[PDB]
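> This is the content of final.cif (mmCIF, N, CA and C atoms):
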```
data_protein
#
loop_
_atom_site.group_PDB
_atom_site.id
_atom_site.type_symbol
_atom_site.label_atom_id
_atom_site.label_comp_id
_atom_site.auth_asym_id
_atom_site.auth_seq_id
_atom_site.Cartn_x
_atom_site.Cartn_y
_atom_site.Cartn_z
ATOM 1 N N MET M 310 27.378 -16.649 -64.024
ATOM 2 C CA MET M 310 26.897 -15.472 -64.700
ATOM 3 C C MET M 310 26.922 -15.720 -66.212
ATOM 4 N N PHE M 311 26.826 -16.980 -66.631
ATOM 5 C CA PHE M 311 26.470 -17.269 -68.012
ATOM 6 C C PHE M 311 25.538 -18.469 -68.038
ATOM 7 N N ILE M 312 24.672 -18.499 -69.045
ATOM 8 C CA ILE M 312 23.737 -19.611 -69.270
ATOM 9 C C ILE M 312 24.305 -20.589 -70.280
ATOM 10 N N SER M 313 24.168 -21.883 -70.000
ATOM 11 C CA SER M 313 24.372 -22.904 -71.027
ATOM 12 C C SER M 313 23.189 -23.855 -71.010
ATOM 13 N N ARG M 314 23.040 -24.646 -72.066
ATOM 14 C CA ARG M 314 22.045 -25.718 -72.059
ATOM 15 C C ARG M 314 22.691 -26.969 -72.598
ATOM 16 N N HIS M 315 22.231 -28.115 -72.094
ATOM 17 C CA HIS M 315 22.850 -29.403 -72.378
ATOM 18 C C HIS M 315 21.799 -30.456 -72.683
ATOM 19 N N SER M 316 22.233 -31.511 -73.364
ATOM 20 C CA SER M 316 21.378 -32.686 -73.490
ATOM 21 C C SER M 316 21.224 -33.373 -72.139
ATOM 22 N N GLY M 317 20.307 -34.345 -72.092
ATOM 23 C CA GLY M 317 20.155 -35.158 -70.899
ATOM 24 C C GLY M 317 21.437 -35.776 -70.393
ATOM 25 N N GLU M 318 22.346 -36.126 -71.301
ATOM 26 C CA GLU M 318 23.610 -36.758 -70.950
ATOM 27 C C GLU M 318 24.720 -35.756 -70.647
ATOM 28 N N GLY M 319 24.480 -34.459 -70.780
ATOM 29 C CA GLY M 319 25.472 -33.448 -70.463
ATOM 30 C C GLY M 319 26.148 -32.804 -71.668
ATOM 31 N N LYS M 320 25.757 -33.141 -72.897
ATOM 32 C CA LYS M 320 26.430 -32.560 -74.049
ATOM 33 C C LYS M 320 26.037 -31.101 -74.190
ATOM 34 N N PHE M 321 27.007 -30.204 -74.364
ATOM 35 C CA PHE M 321 26.662 -28.793 -74.576
ATOM 36 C C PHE M 321 25.865 -28.626 -75.865
ATOM 37 N N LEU M 322 24.723 -27.924 -75.772
ATOM 38 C CA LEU M 322 23.892 -27.565 -76.910
ATOM 39 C C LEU M 322 23.915 -26.079 -77.197
ATOM 40 N N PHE M 323 24.152 -25.264 -76.166
ATOM 41 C CA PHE M 323 24.049 -23.814 -76.267
ATOM 42 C C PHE M 323 24.919 -23.196 -75.191
ATOM 43 N N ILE M 324 25.635 -22.114 -75.552
ATOM 44 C CA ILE M 324 26.217 -21.171 -74.580
ATOM 45 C C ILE M 324 25.790 -19.742 -74.939
ATOM 46 N N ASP M 325 25.510 -18.916 -73.914
ATOM 47 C CA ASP M 325 25.053 -17.559 -74.201
ATOM 48 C C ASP M 325 26.218 -16.662 -74.641
ATOM 49 N N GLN M 326 25.910 -15.383 -74.863
ATOM 50 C CA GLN M 326 26.881 -14.455 -75.430
ATOM 51 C C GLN M 326 27.923 -14.023 -74.407
ATOM 52 N N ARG M 327 27.755 -14.385 -73.135
ATOM 53 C CA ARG M 327 28.687 -14.025 -72.064
ATOM 54 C C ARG M 327 29.679 -15.119 -71.741
ATOM 55 N N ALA M 328 29.458 -16.323 -72.258
ATOM 56 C CA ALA M 328 30.187 -17.493 -71.805
ATOM 57 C C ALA M 328 31.632 -17.465 -72.261
ATOM 58 N N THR M 329 31.893 -17.099 -73.522
ATOM 59 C CA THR M 329 33.262 -17.188 -74.042
ATOM 60 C C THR M 329 34.232 -16.312 -73.252
ATOM 61 N N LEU M 330 33.793 -15.127 -72.818
ATOM 62 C CA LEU M 330 34.671 -14.286 -72.032
ATOM 63 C C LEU M 330 35.055 -14.968 -70.732
ATOM 64 N N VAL M 331 34.163 -15.784 -70.176
ATOM 65 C CA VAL M 331 34.439 -16.474 -68.912
ATOM 66 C C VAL M 331 35.338 -17.693 -69.117
ATOM 67 N N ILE M 332 34.976 -18.567 -70.050
ATOM 68 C CA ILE M 332 35.636 -19.879 -70.146
ATOM 69 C C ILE M 332 36.625 -19.987 -71.294
ATOM 70 N N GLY M 333 36.663 -19.020 -72.203
ATOM 71 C CA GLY M 333 37.654 -19.000 -73.249
ATOM 72 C C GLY M 333 37.244 -19.730 -74.517
ATOM 73 N N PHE M 334 36.372 -20.713 -74.417
ATOM 74 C CA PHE M 334 35.974 -21.475 -75.590
ATOM 75 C C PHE M 334 34.989 -20.709 -76.463
ATOM 76 N N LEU M 335 35.214 -20.760 -77.778
ATOM 77 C CA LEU M 335 34.193 -20.337 -78.721
ATOM 78 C C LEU M 335 33.096 -21.396 -78.791
ATOM 79 N N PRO M 336 31.883 -21.022 -79.222
ATOM 80 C CA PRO M 336 30.816 -22.021 -79.309
ATOM 81 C C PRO M 336 31.185 -23.219 -80.157
ATOM 82 N N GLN M 337 31.878 -23.021 -81.287
ATOM 83 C CA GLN M 337 32.233 -24.142 -82.152
ATOM 84 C C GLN M 337 33.212 -25.093 -81.477
ATOM 85 N N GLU M 338 33.923 -24.620 -80.459
ATOM 86 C CA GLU M 338 34.873 -25.492 -79.781
ATOM 87 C C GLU M 338 34.202 -26.347 -78.723
ATOM 88 N N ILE M 339 33.123 -25.861 -78.125
ATOM 89 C CA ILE M 339 32.547 -26.524 -76.968
ATOM 90 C C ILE M 339 31.205 -27.194 -77.274
ATOM 91 N N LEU M 340 30.398 -26.649 -78.178
ATOM 92 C CA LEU M 340 29.127 -27.307 -78.492
ATOM 93 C C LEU M 340 29.398 -28.715 -79.010
ATOM 94 N N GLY M 341 28.612 -29.690 -78.523
ATOM 95 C CA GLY M 341 28.782 -31.078 -78.917
ATOM 96 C C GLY M 341 29.707 -31.872 -78.020
ATOM 97 N N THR M 342 30.368 -31.228 -77.065
ATOM 98 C CA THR M 342 31.233 -31.897 -76.089
ATOM 99 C C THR M 342 30.484 -32.085 -74.783
ATOM 100 N N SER M 343 30.904 -33.093 -74.020
ATOM 101 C CA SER M 343 30.301 -33.385 -72.726
ATOM 102 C C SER M 343 30.803 -32.418 -71.660
ATOM 103 N N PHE M 344 29.937 -32.077 -70.698
ATOM 104 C CA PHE M 344 30.432 -31.285 -69.578
ATOM 105 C C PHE M 344 31.485 -32.056 -68.775
ATOM 106 N N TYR M 345 31.506 -33.386 -68.874
ATOM 107 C CA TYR M 345 32.556 -34.164 -68.221
ATOM 108 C C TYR M 345 33.946 -33.956 -68.818
ATOM 109 N N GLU M 346 34.079 -33.276 -69.948
ATOM 110 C CA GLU M 346 35.379 -32.949 -70.524
ATOM 111 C C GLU M 346 36.077 -31.830 -69.739
ATOM 112 N N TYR M 347 35.349 -31.069 -68.898
ATOM 113 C CA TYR M 347 35.844 -29.824 -68.315
ATOM 114 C C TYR M 347 35.958 -29.841 -66.799
ATOM 115 N N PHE M 348 35.254 -30.728 -66.092
ATOM 116 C CA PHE M 348 35.285 -30.623 -64.632
ATOM 117 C C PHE M 348 36.658 -31.015 -64.072
ATOM 118 N N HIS M 349 37.045 -30.383 -62.991
ATOM 119 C CA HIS M 349 38.267 -30.787 -62.290
ATOM 120 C C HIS M 349 38.161 -32.227 -61.762
ATOM 121 N N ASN M 350 39.304 -32.948 -61.764
ATOM 122 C CA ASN M 350 39.373 -34.299 -61.176
ATOM 123 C C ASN M 350 38.718 -34.402 -59.798
ATOM 124 N N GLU M 351 38.895 -33.384 -58.950
ATOM 125 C CA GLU M 351 38.406 -33.490 -57.579
ATOM 126 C C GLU M 351 36.917 -33.218 -57.433
ATOM 127 N N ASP M 352 36.228 -32.742 -58.491
ATOM 128 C CA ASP M 352 34.818 -32.392 -58.419
ATOM 129 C C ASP M 352 33.930 -33.292 -59.249
ATOM 130 N N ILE M 353 34.505 -34.048 -60.163
ATOM 131 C CA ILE M 353 33.691 -34.743 -61.152
ATOM 132 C C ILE M 353 32.750 -35.759 -60.501
ATOM 133 N N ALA M 354 33.212 -36.487 -59.471
ATOM 134 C CA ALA M 354 32.319 -37.480 -58.853
ATOM 135 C C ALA M 354 31.097 -36.822 -58.222
ATOM 136 N N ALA M 355 31.287 -35.721 -57.494
ATOM 137 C CA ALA M 355 30.140 -35.049 -56.877
ATOM 138 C C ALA M 355 29.194 -34.482 -57.946
ATOM 139 N N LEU M 356 29.746 -33.953 -59.038
ATOM 140 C CA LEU M 356 28.940 -33.407 -60.126
ATOM 141 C C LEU M 356 28.125 -34.484 -60.831
ATOM 142 N N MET M 357 28.682 -35.694 -60.968
ATOM 143 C CA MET M 357 27.903 -36.780 -61.545
ATOM 144 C C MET M 357 26.704 -37.116 -60.664
ATOM 145 N N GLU M 358 26.874 -37.069 -59.343
ATOM 146 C CA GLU M 358 25.720 -37.271 -58.461
ATOM 147 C C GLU M 358 24.663 -36.179 -58.640
ATOM 148 N N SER M 359 25.080 -34.909 -58.767
ATOM 149 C CA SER M 359 24.109 -33.847 -59.069
ATOM 150 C C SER M 359 23.384 -34.110 -60.392
ATOM 151 N N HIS M 360 24.123 -34.563 -61.421
ATOM 152 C CA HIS M 360 23.527 -34.836 -62.719
ATOM 153 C C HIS M 360 22.513 -35.967 -62.613
ATOM 154 N N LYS M 361 22.854 -37.033 -61.890
ATOM 155 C CA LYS M 361 21.890 -38.111 -61.665
ATOM 156 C C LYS M 361 20.599 -37.599 -61.039
ATOM 157 N N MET M 362 20.702 -36.702 -60.066
ATOM 158 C CA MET M 362 19.505 -36.145 -59.455
ATOM 159 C C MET M 362 18.698 -35.335 -60.460
ATOM 160 N N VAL M 363 19.369 -34.484 -61.252
ATOM 161 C CA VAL M 363 18.687 -33.697 -62.288
ATOM 162 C C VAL M 363 17.876 -34.576 -63.229
ATOM 163 N N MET M 364 18.445 -35.703 -63.654
ATOM 164 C CA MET M 364 17.754 -36.568 -64.588
ATOM 165 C C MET M 364 16.563 -37.277 -63.954
ATOM 166 N N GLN M 365 16.567 -37.485 -62.641
ATOM 167 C CA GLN M 365 15.545 -38.269 -61.946
ATOM 168 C C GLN M 365 14.375 -37.429 -61.447
ATOM 169 N N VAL M 366 14.623 -36.190 -61.018
ATOM 170 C CA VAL M 366 13.590 -35.373 -60.374
ATOM 171 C C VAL M 366 13.366 -34.092 -61.172
ATOM 172 N N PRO M 367 12.147 -33.600 -61.271
ATOM 173 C CA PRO M 367 11.894 -32.410 -62.090
ATOM 174 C C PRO M 367 11.974 -31.107 -61.317
ATOM 175 N N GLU M 368 12.968 -30.988 -60.449
ATOM 176 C CA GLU M 368 13.236 -29.787 -59.679
ATOM 177 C C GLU M 368 14.640 -29.309 -59.999
ATOM 178 N N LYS M 369 14.899 -28.058 -59.640
ATOM 179 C CA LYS M 369 16.236 -27.495 -59.760
ATOM 180 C C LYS M 369 17.195 -28.179 -58.786
ATOM 181 N N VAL M 370 18.428 -28.387 -59.240
ATOM 182 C CA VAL M 370 19.522 -28.893 -58.406
ATOM 183 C C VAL M 370 20.631 -27.859 -58.447
ATOM 184 N N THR M 371 21.181 -27.511 -57.285
ATOM 185 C CA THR M 371 22.321 -26.601 -57.231
ATOM 186 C C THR M 371 23.563 -27.407 -56.887
ATOM 187 N N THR M 372 24.601 -27.277 -57.707
ATOM 188 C CA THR M 372 25.827 -28.021 -57.494
ATOM 189 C C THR M 372 26.630 -27.380 -56.359
ATOM 190 N N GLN M 373 27.620 -28.109 -55.863
ATOM 191 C CA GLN M 373 28.660 -27.471 -55.064
ATOM 192 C C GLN M 373 29.418 -26.449 -55.935
ATOM 193 N N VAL M 374 30.243 -25.630 -55.302
ATOM 194 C CA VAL M 374 31.155 -24.804 -56.093
ATOM 195 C C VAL M 374 32.267 -25.731 -56.575
ATOM 196 N N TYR M 375 32.475 -25.770 -57.881
ATOM 197 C CA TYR M 375 33.438 -26.675 -58.499
ATOM 198 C C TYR M 375 34.415 -25.910 -59.399
ATOM 199 N N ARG M 376 35.478 -26.594 -59.831
ATOM 200 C CA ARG M 376 36.446 -26.056 -60.787
ATOM 201 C C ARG M 376 36.155 -26.562 -62.208
ATOM 202 N N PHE M 377 36.178 -25.627 -63.152
ATOM 203 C CA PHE M 377 35.884 -25.880 -64.562
ATOM 204 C C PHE M 377 37.114 -25.476 -65.366
ATOM 205 N N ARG M 378 37.560 -26.358 -66.264
ATOM 206 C CA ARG M 378 38.780 -26.118 -67.037
ATOM 207 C C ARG M 378 38.492 -25.200 -68.221
ATOM 208 N N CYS M 379 39.232 -24.107 -68.314
ATOM 209 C CA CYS M 379 39.047 -23.131 -69.382
ATOM 210 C C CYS M 379 39.953 -23.460 -70.570
ATOM 211 N N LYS M 380 39.790 -22.704 -71.665
ATOM 212 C CA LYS M 380 40.535 -23.011 -72.886
ATOM 213 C C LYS M 380 42.035 -22.958 -72.653
ATOM 214 N N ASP M 381 42.479 -22.085 -71.744
ATOM 215 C CA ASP M 381 43.890 -22.006 -71.391
ATOM 216 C C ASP M 381 44.344 -23.089 -70.411
ATOM 217 N N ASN M 382 43.496 -24.067 -70.092
ATOM 218 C CA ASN M 382 43.759 -25.200 -69.206
ATOM 219 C C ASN M 382 44.002 -24.800 -67.762
ATOM 220 N N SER M 383 43.748 -23.542 -67.398
ATOM 221 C CA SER M 383 43.567 -23.182 -65.998
ATOM 222 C C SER M 383 42.115 -23.441 -65.596
ATOM 223 N N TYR M 384 41.830 -23.341 -64.300
ATOM 224 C CA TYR M 384 40.498 -23.579 -63.764
ATOM 225 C C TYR M 384 39.890 -22.313 -63.187
ATOM 226 N N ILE M 385 38.577 -22.176 -63.363
ATOM 227 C CA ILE M 385 37.789 -21.157 -62.673
ATOM 228 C C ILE M 385 36.760 -21.851 -61.791
ATOM 229 N N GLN M 386 36.316 -21.166 -60.736
ATOM 230 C CA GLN M 386 35.281 -21.715 -59.856
ATOM 231 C C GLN M 386 33.896 -21.251 -60.292
ATOM 232 N N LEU M 387 32.996 -22.226 -60.457
ATOM 233 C CA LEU M 387 31.603 -21.990 -60.833
ATOM 234 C C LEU M 387 30.678 -22.660 -59.833
ATOM 235 N N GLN M 388 29.450 -22.174 -59.739
ATOM 236 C CA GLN M 388 28.368 -22.939 -59.113
ATOM 237 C C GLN M 388 27.180 -22.900 -60.058
ATOM 238 N N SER M 389 26.546 -24.051 -60.264
ATOM 239 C CA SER M 389 25.521 -24.134 -61.302
ATOM 240 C C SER M 389 24.178 -24.554 -60.734
ATOM 241 N N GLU M 390 23.127 -23.982 -61.305
ATOM 242 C CA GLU M 390 21.751 -24.410 -61.063
ATOM 243 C C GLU M 390 21.331 -25.146 -62.321
ATOM 244 N N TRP M 391 20.953 -26.401 -62.171
ATOM 245 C CA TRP M 391 20.592 -27.261 -63.296
ATOM 246 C C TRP M 391 19.136 -27.674 -63.173
ATOM 247 N N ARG M 392 18.420 -27.743 -64.316
ATOM 248 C CA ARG M 392 17.065 -28.274 -64.282
ATOM 249 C C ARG M 392 16.764 -28.901 -65.640
ATOM 250 N N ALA M 393 16.215 -30.119 -65.625
ATOM 251 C CA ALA M 393 15.849 -30.843 -66.843
ATOM 252 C C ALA M 393 14.365 -30.701 -67.150
ATOM 253 N N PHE M 394 14.032 -30.724 -68.454
ATOM 254 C CA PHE M 394 12.643 -30.703 -68.923
ATOM 255 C C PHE M 394 12.402 -31.880 -69.854
ATOM 256 N N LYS M 395 11.374 -32.675 -69.535
ATOM 257 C CA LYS M 395 11.064 -33.911 -70.249
ATOM 258 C C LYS M 395 9.839 -33.735 -71.129
ATOM 259 N N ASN M 396 9.920 -34.298 -72.321
ATOM 260 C CA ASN M 396 8.797 -34.363 -73.239
ATOM 261 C C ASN M 396 7.717 -35.226 -72.605
ATOM 262 N N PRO M 397 6.504 -34.702 -72.400
ATOM 263 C CA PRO M 397 5.488 -35.446 -71.652
ATOM 264 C C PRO M 397 4.937 -36.633 -72.400
ATOM 265 N N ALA M 398 5.242 -36.775 -73.696
ATOM 266 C CA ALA M 398 4.779 -37.903 -74.501
ATOM 267 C C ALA M 398 5.809 -39.016 -74.656
ATOM 268 N N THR M 399 7.078 -38.737 -74.397
ATOM 269 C CA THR M 399 8.113 -39.747 -74.543
ATOM 270 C C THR M 399 8.921 -40.006 -73.284
ATOM 271 N N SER M 400 8.899 -39.099 -72.312
ATOM 272 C CA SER M 400 9.730 -39.105 -71.109
ATOM 273 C C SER M 400 11.181 -38.738 -71.371
ATOM 274 N N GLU M 401 11.585 -38.466 -72.613
ATOM 275 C CA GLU M 401 12.985 -38.125 -72.870
ATOM 276 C C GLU M 401 13.266 -36.667 -72.508
ATOM 277 N N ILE M 402 14.501 -36.382 -72.095
ATOM 278 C CA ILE M 402 14.878 -35.025 -71.714
ATOM 279 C C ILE M 402 15.062 -34.181 -72.974
ATOM 280 N N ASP M 403 14.308 -33.071 -73.084
ATOM 281 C CA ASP M 403 14.528 -32.127 -74.180
ATOM 282 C C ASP M 403 15.840 -31.379 -74.024
ATOM 283 N N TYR M 404 16.061 -30.798 -72.849
ATOM 284 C CA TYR M 404 17.321 -30.131 -72.513
ATOM 285 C C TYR M 404 17.370 -29.912 -71.011
ATOM 286 N N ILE M 405 18.589 -29.660 -70.507
ATOM 287 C CA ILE M 405 18.846 -29.159 -69.159
ATOM 288 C C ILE M 405 19.276 -27.700 -69.284
ATOM 289 N N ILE M 406 18.651 -26.818 -68.526
ATOM 290 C CA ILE M 406 19.117 -25.430 -68.464
ATOM 291 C C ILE M 406 20.143 -25.339 -67.340
ATOM 292 N N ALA M 407 21.198 -24.556 -67.553
ATOM 293 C CA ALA M 407 22.233 -24.347 -66.534
ATOM 294 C C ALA M 407 22.465 -22.866 -66.363
ATOM 295 N N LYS M 408 22.288 -22.371 -65.131
ATOM 296 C CA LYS M 408 22.694 -21.014 -64.786
ATOM 297 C C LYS M 408 24.019 -21.157 -64.051
ATOM 298 N N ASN M 409 25.115 -20.648 -64.658
ATOM 299 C CA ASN M 409 26.466 -20.889 -64.143
ATOM 300 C C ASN M 409 26.972 -19.588 -63.522
ATOM 301 N N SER M 410 27.069 -19.544 -62.183
ATOM 302 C CA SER M 410 27.576 -18.365 -61.485
ATOM 303 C C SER M 410 29.095 -18.495 -61.331
ATOM 304 N N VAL M 411 29.796 -17.377 -61.507
ATOM 305 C CA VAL M 411 31.248 -17.337 -61.580
ATOM 306 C C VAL M 411 31.789 -16.695 -60.310
ATOM 307 N N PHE M 412 32.853 -17.271 -59.759
ATOM 308 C CA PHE M 412 33.586 -16.671 -58.659
ATOM 309 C C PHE M 412 34.972 -16.208 -59.084
#
```
What would the structure in this file look like if it were written as structure tokens?

Amino acid sequence: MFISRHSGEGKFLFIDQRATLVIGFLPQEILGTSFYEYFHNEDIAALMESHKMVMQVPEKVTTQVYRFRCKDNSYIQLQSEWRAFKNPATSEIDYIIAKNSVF
């Protein structure tokens, strides 16, 4: 129930106005960091496979429900819909949109 956007490699570029209440981080704390800084140890391998798919195919990918580390170093459960958009003249990823649903 918050939107974020990331670079092709997973770096946070944007969090919406609802995100800080969920995850605790202010934008200045999280923008510029990799999403790999936050995933739980037990979910990171599966999430990397979802990310690989996002980068390869131009369709939406829905992750498993995973644990995300909040500013207080506890975890919350999220499920994310990810989709990448590529510049048609360079093939590089402009951004990935993420719709992050909270449990």
> Identify all residues satisfying the PyMOL selection byres ((chain M and resi 368) around 6) in the given file; provide them as a list in words.
residues 366, 367, 369, 370, 391, 392 and 393 of chain M
> Have a look at CA of residue 328 (chain M) and CA of residue 349 (chain M) and let me know their distance in Å, one decimal.
18.2 Å
> Spell out the residues picked by the PyMOL selection byres ((chain M and resi 398-404) around 7) here, as number ranges by chain.
M: 314-317, 392-397, 405-406
> As a list in words, please: the residues near residue 386 (chain M) (cut-off 8 Å, all atoms listed in the file, same-chain neighbours under 4 positions excluded).
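The residues satisfying every condition are residues 374, 375, 376, 377, 378, 409, 410, 411 and 412 of chain M.
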> Which distance in Å separates atom N of residue 333 (chain M) and CA of residue 311 (chain M), to one decimal?
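Answer for the atom N of residue 333 (chain M) to CA of residue 311 (chain M) separation: 11.2 Å.
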> When you look at residue 358 (chain M) with a cut-off of 12 Å (counting only C-alpha atoms), what residues show up, excluding the ones that are within fewer than 5 positions of it in the same chain? I need them as a PyMOL selection string.
chain M and resi 352-353+363-365+370-373
> To one decimal place in Å, what is the distance between CA of residue 336 (chain M) and CA of residue 379 (chain M)?
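Computed distance, CA of residue 336 (chain M) to CA of residue 379 (chain M), equals 12.9 Å.
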> Using DSSP assignments from the backbone, pull out every residue in chain M that falls under strand (DSSP E) and give it to me as a PyMOL selection string.
chain M and resi 311-315+321-324+370-371+375-378+384-395+402-411
